[PDB]
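Protein chains in written order, with PDB author numbering: chain A, 380 to 455; chain B, 684 to 754; chain C, 118 to 149, 154 to 464, 480 to 508, 518 to 613, 616 to 754.
Where a beta carbon is used, it is the ideal one built from N, C-alpha and C, also for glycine.
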Amino acid sequence: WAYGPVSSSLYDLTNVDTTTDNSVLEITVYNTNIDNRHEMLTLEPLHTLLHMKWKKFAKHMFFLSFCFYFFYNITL
Amino acid sequence: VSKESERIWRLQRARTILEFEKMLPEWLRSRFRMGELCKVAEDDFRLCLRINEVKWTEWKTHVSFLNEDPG
Amino acid sequence: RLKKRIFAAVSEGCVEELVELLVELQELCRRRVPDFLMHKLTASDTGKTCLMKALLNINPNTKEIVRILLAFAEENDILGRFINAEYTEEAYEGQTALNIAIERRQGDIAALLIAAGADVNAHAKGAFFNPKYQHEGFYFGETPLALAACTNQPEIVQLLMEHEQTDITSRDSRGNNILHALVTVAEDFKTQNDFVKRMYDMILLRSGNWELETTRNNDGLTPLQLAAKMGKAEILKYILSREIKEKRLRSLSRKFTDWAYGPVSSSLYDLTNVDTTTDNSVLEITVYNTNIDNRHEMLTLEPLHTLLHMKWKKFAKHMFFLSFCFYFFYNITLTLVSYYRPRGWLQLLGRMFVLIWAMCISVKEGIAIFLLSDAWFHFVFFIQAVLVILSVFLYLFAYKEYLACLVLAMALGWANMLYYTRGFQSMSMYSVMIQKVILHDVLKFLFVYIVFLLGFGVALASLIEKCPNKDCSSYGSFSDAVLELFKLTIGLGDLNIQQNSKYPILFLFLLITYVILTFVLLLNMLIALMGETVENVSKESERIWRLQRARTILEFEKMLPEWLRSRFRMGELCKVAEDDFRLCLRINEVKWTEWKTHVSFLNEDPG
Ligand SMILES: COc1ncnc(OC)c1C(=O)Nc1nc(C(F)(F)F)c(-c2ccnc(C(C)(C)C#N)c2)s1
């Protein structure tokens with residue numbers, strides 16, 4: 380899409396978007412025996428895919444879970 | 684502290700997102716389905732994820748693009 | 118059929134022979154008149170013609186494809202409606218082949234186009250080129266000159282300006298001219314290498330007059346005022362101190378070295394539209410625009426910094442110290458009135489003085505609120530003044546609940562002395578890092594500690610057993628337990644294992660847990676304020692000091708009448724042109740590094 384200093388790179392999500400048995404994203408997040416993920420989760424499609432999943436549904440579900448747990452705690 | 688806090692928070696957020704990811708049913712997950720469609724090859728139509736950007740440093744006569752008309 | 122055929126042939130450009138054959142076939146079909158050739162040579166969806174389609178896909182064959190296309194359009198003599206043709210879709214409304222050739226950096230083809238009569242001032246006022254939300258669109262000035270200037274193409278900029286049909290004074294759908302666009306797209310040196318300043322200088326001194334800098338856009342701002350409205354520090358630092366040393370263009374400068382003798386020199390800056398004597402100055406914009414977040418650098422520029430300094434040392438220091446003294450005496454009077462409350481010497485004098493001072497300052501702060518850790522002091526000053534006035538009105542009234550308001554007002558005014566202890570370097574740093582502690586960190590620490598208190602209080606008061616001598620255990624009702632936990636945090640409570648518990652071991656465990664965890668929160672607070680802020684405290688203190696000084700100076704400047712302001716009138720007069728005599732602000736300087744045979748000055752003899 381590039382016009383000038385602006386441009387729209389169109390990345391790929393063939394085997395990256397967790398819609399496969401063993402995707403690259405679920406591997407990169409669920410592999411805790413590598414100890415480098417603080418850098419790997421800043422890569423090109425991984426970072427913004429996490430961001431998009433988050434702002435689409437994970438923020439909502441996480442805040443709902445926080446509210447339910449806070450009410451369970453205050454009622455305890 | 685500043686760096687370790689952010690790296691452990693980022694790991695936690697990734698885990699929670701991917702967690703929730705599984706907590707949802709198949710139909711709702713397909714209803715979310717991050718990414719779009721895109722034609723690149725003769726017939727590829729694989730999934731894609733647009734990312735706009737701005738760079739003033741490297742000027743190049745653009746030669747490769749899918750849609751010649753920028754939308 | 119043949120339309121898309123020629124379109125793909127020219128877009129691929131894999132050969133010119135077949136495109137020439139297609140052109141010959143189209144000409145034969147058109148012979149057996155120009156409107157038909159246009160309709161067949163364009164796509165009526167948007168208007169994208171074969172020339173545009175060729176330029177969009179740069180392959181090494183374009184240099185001849187465009188020549189063949191112009192030759193064909195001249196064969197029917199349709200060049201006018203051919204090259205000057207433009208889009209029609211709501212995205213690129215008006216976009217012309219010239220902006221396409223420039224966006225792809227094809228300079229030679231741009232030359233061939235303008236030689237073919239390409240409309241150079243064709244405005245690309247499309248909803249894409251003028252996007253409201255960024256990152257979807259590229260606003261550049263909507264003009265081929267504006268485009269070749271914003272995308273760092275000086276060759277084509279000179280090629281357009283040296284032409285006669287160009288119009289450097291053109292104005293777009295936003296009112297901007299070329300200079301407004303160059304201001305709008307100038308970001309920062311770390312991301313651009315600052316070519317936009319170079320193109321600014323070139324385009325400015327090329328059209329040599331104040332035509333460009335004097336026009337205002339549909340927002341009523343000039344390119345100088347514009348770069349002031351946004352946070353463009355680099356372009357601003359250039360425009361404010363711009364020296365043109367050529368003779369015939371020397372009148373365009375805003376800084377004239379007029380006095381240099383040796384390593385000493387007296388640059389004579391300009392104060393035409395900078396000195397707050399206009400509707401919206403560059404200085405009042407630079408200080409009152411709080412939505413840019415770069416002023417910590419912009420208020421160190423060439424005439425701005427020293428103009429603030431001069432206004433300060435001329436009248437603002439005096440007025441500010443007077444205000445501090447008046448507020449301190451009003452505060453000591455509140456203190457003495459509080460101390461000597463009734464358990480006209482002490483009543484009438486002091487009470488009427490605090491009444492009038494509080495009412496006037498409350499009206500002042502309230503009307504100050506009506507303008508739109519920077520400026521909440523208006524809120525708190527107004528609140529304290531209303532507190533005093535309500536307290537004294539209730540004292541006059543039939544309500545003995547006035548002492549609460551009065552003593553709270555005293556404690557709040559003594560708190561508000563924090564505003565006025567911004568003045569000197571020691572008190573500035575002290576007050577502002579106290580503010581940073583208070584607002585940044587200890588407040589969230591207090592929140593989490595209050596959650597600790599609530600939880601541990603309910604736990605302990607749930608562990609207690611009623612005494613048959617109910618006062619035999621201090622952790623009685625909830626509020627009692629919370630008080631004891633407070634005292635334990637500060638170090639005044641008592642640790643007695645016999646709290647009439649039913650599980651004394653578990654109660655002792657919970658209590659030790661509370662004190663340990665609040666100890667840990669104290670340590671965490673200590674690290675948060677001893678490792679993080681300590682780096683940038685020195686810089687944040689200075690920038691907040693500077694911004695508050697700018698605001699106070701510019702505020703006092705308004706508080707004065709017209710005659711006294713004209714009596715102050717920072718700056719002097721100075722003759723620089725045939726008849727210019729614009730205001731100026733001398734700044735002596737000393738530089739031993741760059742030795743130059745002085746060539747330009749106003750006074751031959753240094754005074
Ligand atoms: C130099 O200050 C003084 N000099 C001499 N005597 C004084 O007291 C008589 C004082 C004094 O501190 N007065 C105060 N009043 C109040 C209030 F209750 F209105 F909020 C204060 C307060 C309360 C809670 N959080 C803050 C934060 C952390 C935001 C701050 N800052 C401030 S502080």
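If you measure from each CB to the nearest heavy atom of ligand 1, the residues under 5 Å come out as C:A556, C:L557, C:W559, C:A560 and C:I583.
Against chain B, the beta carbon of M431 of chain A has neighbours under 7 Å at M717, listed in chain order. Under the Cβ criterion (8 Å, minimum of three pairs), the region 448 to 456 of chain C counts as touching the region 546 to 556 of chain C.
Non-local beta-carbon contacts of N180 of chain C in its own chain, meaning distances under 6 Å to residues more than five positions away in sequence, involve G130 in chain order. Out of C:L694, C:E211 and C:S372, the CA that lies nearest to the CA of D726 of chain C is found in C:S372.
The criterion of a C-beta distance shorter than 9 Å is not satisfied by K368 of chain C and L389 of chain C.
Residues of the region 382 to 397 of chain A with a Cβ closer than 8 Å to any Cβ of chain C, in chain order: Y382, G383, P384 and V385. Its chain contains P424 as the residues whose beta carbon lies nearer than 8 Å to that of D391 of chain A, once the 5 sequence neighbours on both sides are disregarded; these appear in chain order.
With at least 16 other beta carbons inside 10 angstroms of its own, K174 of chain C counts as buried.
Non-local C-beta neighbours of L730 of chain C in its own chain, meaning closer than 6 Å and more than five positions away in sequence, comprise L392 and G718, ordered along the chain. In the structure shown, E207 of chain C falls within a strand segment according to DSSP collapsed to helix, strand and coil.
In this structure, the straight-line span from the alpha carbon of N412 of chain C to that of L422 of chain C is close to 19 Å. No Cβ of chain A is located within less than 9 Å of the beta carbon of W710 of chain B.
Within the same chain, and ignoring the five residues on either side of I534 of chain C in sequence, the residues whose Cβ sits closer than 8 Å to its Cβ are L491, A494, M495 and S498. Contact annotation: in the region 621 to 638 of chain C, no residue has its CB less than 9 Å from a CB in chain B. Under the three-pair Cβ rule at 8 Å, the region 559 to 569 of chain C does not count as touching the region 674 to 681 of chain C. Ranked by how close their Cα comes to the Cα of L234 of chain C, the residues C:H256, C:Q216, C:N205 and C:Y254 have C:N205 in first place.
Residue pairing from DSSP places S388 of chain C in a beta bridge opposite C:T378 and C:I734.
For the region 168 to 233 of chain C, not one full-length beta strand (DSSP E) segment reaches 3 residues or more.
The alpha-carbon of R363 of chain C is positioned some 38 Å away from that of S576 of chain C. For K432 of chain A, the number of other beta carbons within 10 angstroms of its own is at least 16, and it is reported as buried.
The beta carbons of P265 of chain C and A243 of chain C sit closer together than 9 Å.
DSSP places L720 of chain B in the uninterrupted beta strand (DSSP E) bounded by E719 to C721. For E631 of chain C, the CB contacts under 7 Å within the same chain, skipping 5 residues up- and downstream, are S621, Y622 and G640 in chain order. Proximity of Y213 of chain C to chain B, defined by a Cβ-Cβ separation below 9 Å, is satisfied.
Per DSSP, reduced to three states, the secondary structure at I413 of chain C is coil, with no helix or strand assignment. The region 693 to 727 of chain C contains, as complete alpha helix (DSSP H) runs of 4+ residues, the segments 709 to 715 (chain order). Checking the DSSP bridge columns, you'll see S648 of chain C partnered with C:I609. Counting every other CB atom within 10 Å of its CB across the protein chains shown gives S573 of chain C a total of 16 or more, marking it as buried. Looking at the backbone, the Cα of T305 of chain C and that of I230 of chain C are separated by about 28 Å. Across the structure, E405 of chain A and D414 of chain A are spaced so that their CA atoms are roughly 15 Å apart.
One alpha carbon belongs to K434 of chain C, the other to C721 of chain C, and they sit about 23 Å apart. In this structure, the beta-carbon distance from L701 of chain B to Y409 of chain A falls below 9 Å.
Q529 of chain C sits buried, since 16 or more C-beta atoms from the chains shown fall within 10 Å of its C-beta.
The C-beta distance from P384 of chain C to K738 of chain C rounds to 6 Å, short enough to fall under 8 Å.
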